[PDB]
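Only one chain is included here, represented as structure tokens and corresponding to the form deposited without the RNA.
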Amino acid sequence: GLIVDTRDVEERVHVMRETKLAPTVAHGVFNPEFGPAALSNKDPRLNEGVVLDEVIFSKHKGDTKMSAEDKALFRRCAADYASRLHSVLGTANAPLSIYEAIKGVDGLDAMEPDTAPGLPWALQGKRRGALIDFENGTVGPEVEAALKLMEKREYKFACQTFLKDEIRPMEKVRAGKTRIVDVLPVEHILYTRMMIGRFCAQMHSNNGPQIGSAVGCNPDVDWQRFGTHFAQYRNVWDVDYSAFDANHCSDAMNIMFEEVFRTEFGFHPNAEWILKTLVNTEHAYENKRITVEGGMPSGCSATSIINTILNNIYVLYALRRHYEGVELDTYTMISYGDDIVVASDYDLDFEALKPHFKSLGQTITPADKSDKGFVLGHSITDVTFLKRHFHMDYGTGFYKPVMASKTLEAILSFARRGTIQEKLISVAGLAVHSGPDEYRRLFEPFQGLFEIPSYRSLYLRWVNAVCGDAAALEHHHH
């Protein structure tokens, strides 16, 4: 994004906090090169010269204005992807009711009752529950008023910069690279869900290579589906971006919103409008108000879907900008936000695509260090996706999502107080695919103090999850 204005105002929107994460018993055993992100400039771990807001907004180094020709190409790619998307999902894209937007529907989680309400409510000491009845799925007069402004396209708002309390590599922690959540007003999230939540629900339910989206997938179940699909192709590329969300140019965002969320695909006219309010945004950090043109705000509602859609269009765009005769069946891919796996039988020169991604303001690099850039010949078993490898389970012959042990060690080394038992059961679901020896080793520090699921129990759970028929078939003989 391009920072076009910065000004100081009277109202100080607080951003500095103390971490809720503490080391666990596993920290002393694994000693990970990971720690809680700095949530304050006074944090002693920070390097000299580090000012949080400067580092946080340093990713905004311009809004790439695409040529007329490139925008035309982009719109064709956006429309072609949209065509695939709405062919698979259908056109049942009318607004959710206020009740449905709050309470959720099949394939769309309910709204969080006690997360940050955003501005100006945070400054007024009003929590989300003061504005919305999450039990009954109704809204108070303030939100009702705001919804009318959105209906009339007169609604304006500021985003609240919220520091992400999370574990990061210590290199990034000390550099002040604390990630953020751009907290939009609760009514904006509500209306966005009203406008495109039905579409988002359908995206989740139809996740896969066909629509190029893994959003709403269950890695336990879907690694078999994804792994088997990508194993059929000669080439598989693990592509990485740098600041994917920040570098979405306004042209790309606008054109995507225009082609994907058209009224002819069942959307209300304000679906495009409310999405377009994400393009030029004002961000509150303490007394500073920073206006950014371009880039996707780091939200938690429709952000992953939007980023996933753009990722799909980018690949089509880049390939078509370099090669002639490129269509959606020239390659295959799946994406979750910035994360992406691409495959094709064609020897696609991904190194040569670099400048074409650059015309979108995006910088692509291979997942591995840089073996003289991108290369052909890699398979599904070489790549990572959602921090998970595609490994073959010897017991079943199904693909399983295997996380690196150092990742799991880092995850296990920290936790929010009072949540550890819950976290361990969750992480056990991730760790089971590493095998019984590694599973045992990872949870050994917690044995006795907490209930650790048996490897056996999680393996059997997984077998049925990935293939119920296989689980059944194993009981045919004594």
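Note that residue numbering follows the sequence shown and begins at 1.
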Completion exercise
With B-factors read from the PDB entry, the higher C-alpha mean of 202 to 210 and 372 to 380 is in 372 to 380
Completion exercise
Looking only at C-alpha temperature factors in the entry, 77 to 85 or 346 to 354, the higher average sits in 346 to 354
Exercise for the section: Quick one: which of 319, 184, 253, 123 shows the highest Cα temperature factor in the PDB entry? Expected result: 123
Practice task
Select one of 66, 52, 452, 431: the residue whose C-alpha shows the highest B-factor in the crystal structure entry.
Solution key: 52
Problem - Record-listed C-alpha B factor of residue 134: chain third - result: highest
Handout entry: Relative C-alpha B-factor of residue 359, binned into the chain's lowest, middle or highest third
Key = middle
Handout entry: Position of residue 220 among the chain's modelled residues by C-alpha B-factor, lowest, middle or highest third
Key = middle
Fill in the blank from the handout: Assert third(CA B-factor, residue 267) within chain per record equals lowest
Completion exercise
For residue 387, the third of its chain by CA B-factor is the middle
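Although not depicted, the form deposited with the RNA bound is the subject of the following passage.
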Problem - Single option in 94, 145, 300, 72 placed near the RNA in the bound PDB entry, where near means a heavy atom within 4.5 Å - result: 300
Practice task
Could you tell me which one of 22, 460, 25, 16 places a heavy atom within 4.5 Å of the RNA in the bound PDB entry?
Solution key: 16
Exercise for the section: Tell me the stretch among 323 to 331, 209 to 217, 256 to 264, 390 to 398 that has any heavy atom within 4.5 angstroms of the RNA in the bound PDB entry. Expected result: 209 to 217
Handout entry: Within 4.5 Å of the RNA in the bound PDB entry, all of 386, 407 and 423 (non-hydrogen atom)
Key = yes
Exercise for the section: Answer yes if any heavy atom of residue 230 is within 4.5 Å of a heavy atom of the RNA in the bound PDB entry; otherwise answer no. Expected result: no
Handout entry: Proximity of residue 113 to the RNA in the bound PDB entry, heavy atoms at 4.5 Å
Key = yes
Problem - 4.5 Å heavy atom contact, residue 304 and the RNA in the bound PDB entry - result: yes
Practice task
Indicate whether the RNA has at least one heavy atom within 4.5 Å of a heavy atom of residue 107 in the bound PDB entry.
Solution key: yes
Handout entry: Sequence-ordered residues of 191 to 211 touching the RNA in the bound PDB entry, heavy atom within 4.5 Å
Key = 193, 204
